[PDB]
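Here you get one chain, nothing else, as structure tokens; it is the form deposited in one PDB entry.
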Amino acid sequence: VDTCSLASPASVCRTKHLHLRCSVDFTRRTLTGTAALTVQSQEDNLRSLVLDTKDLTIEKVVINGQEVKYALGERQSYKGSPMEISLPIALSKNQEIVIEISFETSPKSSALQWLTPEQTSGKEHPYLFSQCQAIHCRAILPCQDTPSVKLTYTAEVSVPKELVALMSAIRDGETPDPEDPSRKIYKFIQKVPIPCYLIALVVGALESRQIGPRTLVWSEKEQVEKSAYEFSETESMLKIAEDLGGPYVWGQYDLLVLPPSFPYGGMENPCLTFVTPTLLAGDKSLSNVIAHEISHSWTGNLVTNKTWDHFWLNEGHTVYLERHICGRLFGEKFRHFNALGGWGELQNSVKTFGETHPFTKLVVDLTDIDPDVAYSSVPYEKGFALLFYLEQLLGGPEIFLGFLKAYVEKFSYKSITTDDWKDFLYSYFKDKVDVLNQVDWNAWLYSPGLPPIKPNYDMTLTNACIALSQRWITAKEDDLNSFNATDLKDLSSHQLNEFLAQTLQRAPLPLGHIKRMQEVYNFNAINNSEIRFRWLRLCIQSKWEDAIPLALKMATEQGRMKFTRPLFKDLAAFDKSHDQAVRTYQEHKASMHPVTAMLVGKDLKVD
């Protein structure tokens, strides 16, 4: 059972198909139209069913050409309101009907951000984008909002004719809107069954550039050239991912570069990966995010978590594939470097939450938890750490990659639990069950804190980062003039980032050390979002008042939660910036992504 959904479960009925016909009204900030659900009964004598909704206005429900009775339940906080629908005729098992629901969204839909022209690159046209993961699809349309149900979809979206709509689907044509010659209808088809959290919509002044045989990049015109260069490795990464996972089944692999308020690094919407413009470093150094989103085309989008309690299956296996793509491109020492960095991120999460915190468990119970509040790097890194540990236990990456490809083939088009994964692991590795029974499964899956065993990591690329970090931490005032711009000459951007991450783990440093770092390394000049984020955190935690305007600016000019949340929390914890942090949040709140706004508010204890 999915405790995050109020809808009828998959054991009662299953949505097979959605046909969405809607109009994007920028004056009212509403999506209006019809969701036609093809629903299959899984039981005899089915006479009603329940859908998820959140802040939706329901005009009517039509089955077999007549209006039918429906009722909205009391709202259950972040889960929304259940919508019970009375069927005109009882269904037998496996019988299908089409339920056509006329609805409108709220301007406050947690799924959507509406941008004014002033909030866009071009400043002439407004912009809309969605983000449904985990349980925001119910804030766009009525649905069984649970990843335990997979459906195909078709859509027709009416927008102002000057704008472009795109969806997590194959583009299926465009025509003038016959109801309104000021509007255009864009059509879409998703023929591969997906969980509804993968439904996505953007509407804006978008342009495209081809960057590979199956890849267009989409953005406002101002970002197209930079994006095309940044993500030029995409086709090479797809070919490697196909080698690891089997055939890419989705047709197109397009990229959309969102406005800076996009809350995540990326979102694996099928046929149209959404990415943060904070990837645009100018040197392709943040392209692991593209490898991650590509890998989701197998782990997450083909094999799906049955409930959000099992989200680690999606992210652990995806980080595992991501790091294999980066390892095939840049070498095994690089794969180990990234793996060991992820262990450090896991150490940070466990230290921040506390070692008994339930959000440090690999399998969680989200019954009365807002999934957006639970979100962290734990399922990513504790998930990856379990798979990397099993890789080493079971005979190395070639052997474990055989398991991963077999796993994707076994569970393609299905939704699974941790127990399904573990049973298949045991079946695949039948000749190594003795080894598998050495694993402390209870600790790994269900205990808080750091995992009970740390994998073995190659140190080759990490050594220079630790050595420089240790020189600065152990430095006294009389050692500061020994540091020089030459300290960095043999370090990649990745190694610079890891130097800063190592150093930030020991923050604060003395203010004179941080000022000297700026004097010799000029980190204030670096635009790479990952490096700048860690540098500004180091400066604020080390109480450098000169960094306050830089950190406020980075926290507000983009909205990737990875950066915005810790920067706000650091500025709130520094007495010199505390009031500015709160005031800046209050001033920007109305312009922010609704989920980011909610979480920054909770972080700052500002209601």
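Residue positions are given as counts along the sequence shown, with the first one as 1.
The form solved in complex with a small molecule exists for this protein as well; it is not shown, and the discussion that follows is about that form.
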Using heavy atoms and a 4.5 Å limit, would one call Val289 a contact residue for the small molecule in the entry with it bound?
yes
Answer with yes or no whether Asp254 is in contact with the small molecule in the entry with it bound, where contact means some heavy atom within 4.5 Å.
no
Contact with the small molecule in the entry with it bound for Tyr521, defined as at least one heavy atom pair within 4.5 Å: yes or no?
no
Please run the contact check for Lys562 against the small molecule in the entry with it bound: heavy atoms, 4.5 angstroms, yes or no?
yes
Among 290-298, 424-432, 207-215, 240-248, which stretch has residues with heavy atoms no more than 4.5 Å from the small molecule in the entry with it bound?
290-298
Of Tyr264, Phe334, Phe188, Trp472, which residue is found within 4.5 angstroms of the small molecule in the entry with it bound when only non-hydrogen atoms are counted?
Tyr264
The small molecule in the entry with it bound has a heavy atom of only one listed residue within 4.5 Å, and of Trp114, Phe483, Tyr380, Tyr407 that residue is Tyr380
In the entry with it bound, do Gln133, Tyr375 and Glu530 all put a heavy atom within 4.5 Å of the small molecule?
yes
